[PDB]
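First the structure, in the form of structure tokens, and then the observations on it.
Listed below in structure tokens is the structure:
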């Protein structure tokens, strides 16, 4: 368990892809969000000791046209959960 931001290209757009494809999950009715999906993203892996988990939290900020957004991805184990949900962005 230790890491953080990596790149500033796909790493961001990535969440954007699953963003609209997952926006439904955490929520109920997804929408359009491809205006400006990026913002200061970040990621943090989560490995046990001998490969008992090896999770990864993907936090992306989707700055769409209608406004600024952001989702949170987490895929850990041992006492975690794997899936994309978060999709907000306060002001």
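Numbering (PDB author numbering), first residue to last: 1 to 91.
Note that beta-carbon positions come from the ideal geometry of N, C-alpha and C, so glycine has one too.
| Item | Value |
| --- | --- |
| Reference residue 38; option with closest CA among 77, 68 and 74 | 68 |
| Sequence-distant residues of the same chain with beta carbon closer than 8 angstroms to residue 4, five excluded per side | 42, 43 and 44 |
| Segment limits, beta strand (DSSP E) that includes residue 72 | 71-75 |
| Backbone CA spacing between residue 88 and residue 1 [nearest angstrom] | 24 angstroms |
| Where residue 90 sits in the DSSP three-state scheme | coil |
| Residues near residue 58 by beta carbon distance below 7 angstroms, same chain, minus five either side | 15, 43 and 73 |
| Among 91, 49 and 86, the one whose alpha carbon lies nearest that of residue 19 | 86 |
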